[PDB]
Each structure stands twice: as structure tokens, then as C-alpha cells.
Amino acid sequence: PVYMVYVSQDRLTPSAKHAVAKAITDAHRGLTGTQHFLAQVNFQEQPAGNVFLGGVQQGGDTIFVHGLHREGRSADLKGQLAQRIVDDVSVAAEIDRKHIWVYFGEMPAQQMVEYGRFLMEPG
């Protein structure tokens, strides 16, 4: 899984950034069973004032988490994962849930490469 994580610059110290990546990665490993190192967390920082809720410019306190996932998981499991992510990030990032957005997109594992290797192959 890859998690693009969109955040403002000077908002997450280079530490709660570790706390958050570990939050995401540990929820994922523990709900899905995917081995730790298969879980990538990629932070996309942008200057504050680059997010707009309703066409209103916001401060720097928004976290969007966009997970790119393989198919096969269930509404239920993915619901547990999104909630667990909102929460652990809430703490790790010492930010409140209402600032966290979480979107999962799914993809056939045939079209996902990790470590240069395919997850599922035509074979």
C-alpha cells in the first residue's frame, strides 16, 4: 500500500511525522496483516494556505490521507482501517479528527509494483 499524506509545511515536525507514518503503517499491518516493510508512507508538504474547504482558504492544520490499495479487502475492514488511521494520526499528529480526511483507492494487484517486484503477476 502507498499512502500519499498531504500536509502543510511547518506543521508536522520531522518527528510526529515519524509518529504518523508509524501510526498509518501499524494500523495497516495489524488490520490487514501486510508485512511492515510493504507499507509506504509518502509525505507531500505544501506551504500553508494551499488547501480550500468550500473555496475558503484554511490554515496549515489539514491532513489528507490518500491510500492506494490493492483490491480484495472488504468495506468492513477498510472502514476499520480508515477509522483507526484517523484516530492514530489524531494522536501522533496531535491534531483533531475533524482535520483528517481519508480516501482509499483500489487497484488490481497485478498493476502494483513494490521494490521493483510485482505483487501479483500474469505468470
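The first residue of the shown sequence is 1; numbering continues from there.
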TODO: State which stretch shows the higher mean Cα B factor in the entry: 81-89 or 40-48.
DONE: 81-89
TODO: Report the stretch with the higher mean CA temperature factor, choosing between 31-39 and 54-62 on the basis of the entry.
DONE: 31-39
Open item on the list: Lowest, middle or highest third: which one holds residue 123 when the chain's residues are ordered by CA B-factor from the entry?
Closed with: highest
TODO: Tell me, lowest, middle or highest third: where does the Cα B factor of residue 69 rank within its chain?
DONE: middle
- [ ] Give the position of residue 109 by CA B-factor within its chain, expressed as the lowest, middle or highest third.
- [x] highest
TODO: Would you check the entry's CA temperature factor for residue 16 and let me know if it's in the chain's lowest, middle or highest third?
DONE: highest
